[PDB]
Amino acid sequence: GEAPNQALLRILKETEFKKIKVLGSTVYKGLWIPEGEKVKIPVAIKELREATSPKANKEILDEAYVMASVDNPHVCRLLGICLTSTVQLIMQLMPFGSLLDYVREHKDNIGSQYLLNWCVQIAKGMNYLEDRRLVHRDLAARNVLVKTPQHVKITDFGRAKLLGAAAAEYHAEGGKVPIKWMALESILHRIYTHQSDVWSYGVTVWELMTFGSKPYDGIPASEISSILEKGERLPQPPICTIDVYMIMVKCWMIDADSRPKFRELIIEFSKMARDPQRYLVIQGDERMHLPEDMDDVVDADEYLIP
Ligand SMILES: */C=C/C(=O)Nc1cc(-c2ccccc2)ccn1
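Residues 696 to 720, 725 to 990, 1005 to 1019 in the deposited numbering are what the sequence shown spells out, letter by letter.
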């Protein structure tokens, strides 16, 4: 046996929400007004392109299946879908964009407290995904979103695989892949587990401590297998103490069960977030600070449906 997934999929009318402007090329920034609820919820609307490509609709509703089946503060909520000519995913708007573009744009403004809180919240998000027997398979800084600089959510469940009642690792077959974030076992034999997610968590933390540097930048993805089998890893980022970087190294052990458990990463970064300056050394660290009637505006996170 396995647990029934009793998640609600909400179908929304096109009339319940107003497309304000474009965010990506087709993701819109908009507002959702639940019929006779007197609440305005900032939303990001993912609308299909051609939306006649059957295989593309499979993907998007598979994203929807996974996103509806998650309810955690460090993982982004699917608010519902609109079944129009072109399927629309309606999600909580994460106004400040991908954490990757965030650390790139604000490296001069990002203190140790924020980096180390980001490491914890992402690890809470991921440890929630392990609790729900779910393997992300595409965790990177690009796929973490910034509701505020104090609060990030894991995203892109387009590659997430909902493990079996005894499916030890998720077998897969071909496509475009995240080589430079991937556990060695995934590159070589397409093995993906909560542990191979932890590996990508390590590349995710590396990206954050380097303020968004490209992992193995200028190294073809063809060699990455041989480089990792040869024992090579990503280098210690400047701002990183041996401590922090040693947690990243542990995430990249070849023995999967020798890597840290997400619940462990929470504890370890939590400890370090209690004394951030002792664990991350950044020029001017203490100096650092970060941020049409909207009367009935309410964040997705304060909008609860039973
Ligand atoms: C998990 C919620 C979510 O995706 N919110 C969101 C997403 C974007 C976005 C989507 C696709 C590409 C770029 C940016 C922007 C704001 N919130």
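All C-beta atoms in this analysis are idealised placements derived from N, C-alpha and C, irrespective of residue type, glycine included.
For this session: Per DSSP, which residues does residue 712 bridge with? Please list them.
Result: Checking the DSSP bridge columns, you'll see residue 712 partnered with 731.
Problem set entry | Nearest-angstrom Cβ-Cβ length linking residue 968 and residue 819, presumed shorter than 8 Å | Contact holds; Cβ gap of about 5 Å.
For this session: Name the one or two DSSP bridge partners that residue 719 has.
Result: 726.
Problem set entry | Through-space distance from residue 803 to residue 841, alpha-carbon basis | Using only the alpha carbons, I get a separation of about 11 Å.
Exercise. Could you give the residue range of the alpha helix (DSSP H) that holds residue 926?
Worked result: Residues 923 to 928.
Problem set entry | Residue from 853, 911, 783 whose Cα sits closest to the Cα of residue 709 | Nearest to residue 709 by alpha-carbon distance, out of 853, 911, 783, is 783.
For this session: At 4 residues or longer, and completely inside the region 728 to 811: list those alpha helix (DSSP H) runs for me, N to C.
Result: The region 728 to 811 contains, as complete alpha helix (DSSP H) runs of 4+ residues, the segments 753 to 767, 798 to 804 (chain order).
Exercise. How many Å lie between residue 712 and residue 731 at the Cα?
Worked result: Here the alpha carbon of residue 712 sits roughly 4 Å from the alpha carbon of residue 731.
Problem set entry | CB contact flag (residue 984, residue 811, <8 Å) | Residue 984 is a Cβ neighbour of residue 811, given a cutoff of 8 Å.
Exercise. What residue from 815, 789, 1012 has the CA that sits closest to residue 781's CA?
Worked result: Ranked by Cα distance from residue 781, the options 815, 789, 1012 are led by 789.
Problem set entry | residue 792 Cβ short of 7 Å to ligand 2 heavy atom set | Ligands present in the displayed structure are limited to ligand 1, and ligand 2 is not among them.
For this session: Leaving out five residues on either side along the sequence, give the residues of the same chain with a beta carbon under 8 Å from the beta carbon of residue 915.
Result: Only 879, 923, 926, 933 meet the Cβ criterion.
For this session: Would you kindly check if the distance between the Cβ of residue 839 and the Cβ of residue 931 is under 8 Å?
Result: Contact: no.
Exercise. When DSSP builds the beta bridges, which residues end up paired with residue 835?
Worked result: Answer is none; residue 835 lacks a bridge partner.
Exercise. Which residues in the same chain have their Cβ closer than 7 Å to the Cβ of residue 771, if we skip the five residues on either side of it in sequence?
Worked result: Apart from sequence neighbours up to five positions away, the residues of its chain that approach residue 771 with a beta-carbon distance below 7 Å are 824, 827, ordered along the chain.
For this session: Report yes or no: do the region 747 to 760 and the region 791 to 800 share at least 3 C-beta pairs separated by less than 8 Å?
Result: These segments do not touch.
Exercise. What first and last residue would you give for the alpha helix (DSSP H) that runs through residue 893?
Worked result: Residue 893 -> alpha helix (DSSP H) spans 893 to 908.
Exercise. Contact between the region 948 to 955 and the region 886 to 904: three or more CB pairs below 8 Å?
Worked result: The region 948 to 955 vs the region 886 to 904: in contact.
Exercise. If you compare alpha carbons, which of 909, 921, 937, 944 is closest to residue 800?
Worked result: Comparing Cα-Cα distances from residue 800 to each of 909, 921, 937, 944, the minimum goes to 909.
For this session: Could you check the C-alpha separation between residue 1004 and residue 949 for me, to the nearest Å?
Result: Note on the chain: consecutive modelled numbers read 990 then 1005, so residue 1004 has no coordinates in the structure shown.
For this session: Throw me the rounded Cβ distance for the residue 900 and residue 822 pair, which I believe falls under 8 Å.
Result: Under the criterion of beta carbons closer than 8 Å, residue 900 and residue 822 qualify as touching, at roughly 7 Å.
Problem set entry | Any non-hydrogen atom of ligand 1 closer than 7 Å to residue 725 Cβ | No, Cβ of residue 725 sits at least 7 Å from all heavy atoms of ligand 1.
Exercise. For the beta strand (DSSP E) that contains residue 853, what are its first and last residues?
Worked result: Its beta strand (DSSP E) spans residues 850 to 853.
Problem set entry | Other residues of its chain near residue 978: CB distance less than 6 Å, five sequence neighbours each side excluded | Once the five neighbours on either side are set aside, the close Cβ partners of residue 978 are 940, 942, 943, 971.
Exercise. Is DSSP giving residue 970 helix, strand or coil here?
Worked result: It is helical.
Problem set entry | Local conformation of residue 875 per DSSP, three classes | Three-state DSSP puts residue 875 in coil, outside helix and strand.
For this session: Work out the CA separation of residue 749 and residue 882 for me, nearest whole Å.
Result: Take the alpha-carbon of residue 882 and the one of residue 749: they are about 34 Å apart.
Problem set entry | Inter-residue spacing [alpha-carbon to alpha-carbon] between residue 735 and residue 762 | Roughly 28 Å between the two C-alpha positions.
Exercise. Hey, how far is the Cα of residue 739 from the Cα of residue 787?
Worked result: If I take the Cα positions, the gap works out to 18 Å.
For this session: Note down the Cα distance separating residue 873 from residue 1007, rounded to an integer number of angstroms.
Result: Taking the straight line from one Cα to the other gives about 46 Å.
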